[PDB]
Amino acid sequence: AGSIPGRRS
Amino acid sequence: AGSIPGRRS
Amino acid sequence: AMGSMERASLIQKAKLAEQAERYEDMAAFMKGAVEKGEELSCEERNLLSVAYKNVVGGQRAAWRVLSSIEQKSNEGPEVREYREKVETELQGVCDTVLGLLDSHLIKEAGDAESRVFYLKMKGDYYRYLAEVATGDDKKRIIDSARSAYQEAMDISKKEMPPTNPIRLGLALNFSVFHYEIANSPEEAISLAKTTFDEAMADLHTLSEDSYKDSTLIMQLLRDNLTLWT
Amino acid sequence: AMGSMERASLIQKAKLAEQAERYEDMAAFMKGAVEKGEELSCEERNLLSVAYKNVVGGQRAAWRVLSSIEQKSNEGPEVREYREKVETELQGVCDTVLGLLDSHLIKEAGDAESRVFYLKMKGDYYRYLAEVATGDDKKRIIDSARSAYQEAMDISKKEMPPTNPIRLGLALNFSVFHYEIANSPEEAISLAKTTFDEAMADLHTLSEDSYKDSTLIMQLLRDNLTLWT
Ligand SMILES: *Cc1ccc(S(=O)(=O)Nc2ccn(C)n2)cc1
Ligand SMILES: *Cc1ccc(S(=O)(=O)Nc2ccn(C)n2)cc1
Ligand SMILES: [Cl-]
Ligand SMILES: [Cl-]
Ligand SMILES: [Cl-]
Ligand SMILES: [Cl-]
């Protein structure tokens, strides 16, 4: 199950 | 140009 | 932190650190920027979140490797000791983020976009604490995550359209909380389905660029439903 | 460093850190193991080298990103300041490794396999210093790299077969030194060609497993020749 990756911005 | 990766052992 | 550096320089350097994939530096720069005491813009909130998500993401991945090794050995003290070291470092990063939210990001966040963003962050970092919790406070940690996510959900339902990317990412992560932490897979599935369906019905209102933003997160909801059903 | 932890525990934890991709931890554990003062086995030398190669490899990649941004801006002080910060941290890691080799890994290394391994390491970390050097000591740093690689070459030619993986990796990296640092592309090409041809002629002596080890590094020599010619 994936949470929002949220590792690029 | 690549040196030896040498990053796994 | 970083009290002698200008706020704008900290922000500029956080962006450079992201480019250099130096996420620990990035997080320290954004921590310094927060501690300047001014509210954060939309872009600045994203920098803060990206930095710490990367740092704790690497710690979580390491903890899982070590926890797996430790469980195999239980079928000297070094594996347990080193898992504890990583676990303690991970908890310290979560406490640091939670401390930034509590002093004083959340109380100064009046707009829906900022308040929901920070409360989602609060739920996420309590969720990370819950992933490693095993003692007398596991339940209290889980409830702190649930409470933060729930307050963010309540605001996002009242104040944001069903396609808003923050509203969607919040619902995605709260559904992961239900499935992975709270042992409530049916709640997880129901939340992801209702979230996806209500966004689908609102897509007609969006520009091409907003449509791309929303459908990308809808795909993550669908990917989870595929795995869960 | 790590003076209250057992040598065997440091080694065990270095292996766990590699599994968890925690290379900074890995390097600190191996630094502690070295500082116990006993010589290192073949496997332990590899752990030391893997740990620091990963750490400095991430720093070099970051420095290159930032140096590129800085050169574009020269066609406020933040980009230069942050490149300097990363550069200083990289130099400190190289100095730390060089200090371990000098106190006292190299002087206690009598066998060809260990002495050539450490001298190759010495050439590598001076080469990394040379990549970022720009001042009055660039030339001296380059000469320190050259001298270390040359002493390792002399020993490896006398004491090891032409297919020995350390001898091959040494020649590969010395050829990269010639091409990238010393502005001697013809020397780089000649060394890589002669190294490849002499290994090829010795492959008939090897077992299946040693053949795989040697041909893998020979392919890296060939890849460089393809790029250089
Ligand atoms: C919690 C959350 C943070 C950022 C976003 S975003 O602005 O839409 N960026 C994004 C979207 C999808 N992914 C993988 N990152 C949404 C939610
Ligand atoms: C300098 C050097 C270190 C290790 C080795 S190895 O033992 O043969 N491991 C290895 C071989 C090829 N690669 C990419 N790693 C050789 C040389
Ligand atoms: Cl430990
Ligand atoms: Cl406000
Ligand atoms: Cl800086
Ligand atoms: Cl010896």
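Quick reminder, even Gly has a Cβ in these numbers, built from the backbone with ideal geometry, and neighbours come from all protein chains shown. Quick note: the coordinates plus some simple rules give every number you see, no bench work behind them.
Determine whether C:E180 is surrounded by 15 or more Cβ atoms within 10 Å (Cβ to Cβ) and of a type in the set (D, E, K, R).
It is true that C:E180 is surrounded by 15 or more Cβ atoms within 10 Å (Cβ to Cβ) and of a type in the set (D, E, K, R).
Among D:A171, D:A192, which is touching a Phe, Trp or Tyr at 6+ places or on another chain (Cβ under 8 Å) and under 18 Å from D:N224 (Cβ atoms)?
Just a single option satisfies the conditions, and that option is D:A192.
Residue under question is D:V55, and the condition is that it be crowded, with 18+ Cβ neighbours inside 10 Å and farther than 27 Å from D:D111 by Cα; does it hold?
Considered against the rule, which asks whether it is crowded, with 18+ Cβ neighbours inside 10 Å and farther than 27 Å from D:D111 by Cα, D:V55 comes out as yes.
Scanning for something closer than 25 Å to B:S9 by Cα, of a type in the set (D, E) and away from ligand 5 (no atom under 16 Å from the Cβ), does the range D:153-167 turn up at least one residue?
Yes - at least one qualifying residue is present in the range D:153-167.
Among the residues of the range D:132-154, what is the count of those that are in contact with a helix residue (DSSP H, G or I) (Cβ under 6 Å, 6 or more places away or on another chain) and closer than 19 Å to D:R60 by Cα?
The total comes to 5.
Given the conditions (1) more than 12 Å from chain D (Cβ to nearest Cβ); (2) surrounded by fewer than 17 Cβ atoms within 10 Å (Cβ to Cβ), and given that C:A61 satisfies all but one, which numbered condition is not satisfied?
Only one criterion in (1) more than 12 Å from chain D (Cβ to nearest Cβ); (2) surrounded by fewer than 17 Cβ atoms within 10 Å (Cβ to Cβ) is unmet by C:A61, namely (1).
Looking at the range D:202-229 only, could you name the residues that are more than 19 Å from the chain's Cα centre (by Cα) and within 13 Å of chain B (Cβ to nearest Cβ)?
Within the range D:202-229, D:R222, D:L225, D:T226, D:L227, D:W228, D:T229 qualify.
Check whether at least one residue in the range C:18-33 is over 20 Å from the mean Cα position of the chain (by Cα), more than 16 Å from ligand 2 (Cβ to nearest atom) and under 25 Å from D:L90 (Cα atoms), and report yes or no.
Checked the range C:18-33: at least one residue is over 20 Å from the mean Cα position of the chain (by Cα), more than 16 Å from ligand 2 (Cβ to nearest atom) and under 25 Å from D:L90 (Cα atoms).
Quick one: is D:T96 surrounded by fewer than 17 Cβ atoms within 10 Å (Cβ to Cβ) and under 18 Å from D:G58 (Cβ atoms)?
no
Kindly indicate which of D:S103, D:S73, D:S68 is within 16 Å of ligand 5 (Cβ to nearest atom), more than 22 Å from D:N173 (Cβ to Cβ) and surrounded by fewer than 19 Cβ atoms within 10 Å (Cβ to Cβ).
D:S73
Test each condition in (1) more than 10 Å from every other protein chain (Cβ to nearest Cβ); (2) within 18 Å of the chain's Cα centre (by Cα) for D:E75 and report the one that comes out false.
D:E75 satisfies all of (1) more than 10 Å from every other protein chain (Cβ to nearest Cβ); (2) within 18 Å of the chain's Cα centre (by Cα) except (2).
Can you spot a residue in the range C:163-177 that is farther than 14 Å from C:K120 by Cβ, more than 16 Å from ligand 3 (Cβ to nearest atom), surrounded by fewer than 20 Cβ atoms within 10 Å (Cβ to Cβ) and not hydroxyl-bearing (S, T, Y)?
no
Among the candidates D:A145, D:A199, D:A188, which residue alone is surrounded by 16 or more Cβ atoms within 10 Å (Cβ to Cβ) and within 13 Å of the chain's Cα centre (by Cα)?
Unique residue meeting the criteria: D:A145.
Quick test of your reading of the structure: D:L40 fulfils all but one of (1) within 16 Å of ligand 2 (Cβ to nearest atom); (2) within 10 Å of another protein chain (Cβ to nearest Cβ). Name the failing condition by number.
For D:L40, the exception is condition (2).
Just to be sure, is D:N46 within 16 Å of ligand 2 (Cβ to nearest atom) and either within 12 Å of chain C (Cβ to nearest Cβ) or not aliphatic (A, V, I, L, M) (or both)?
Taking the combined requirement at face value, the residue satisfies it.
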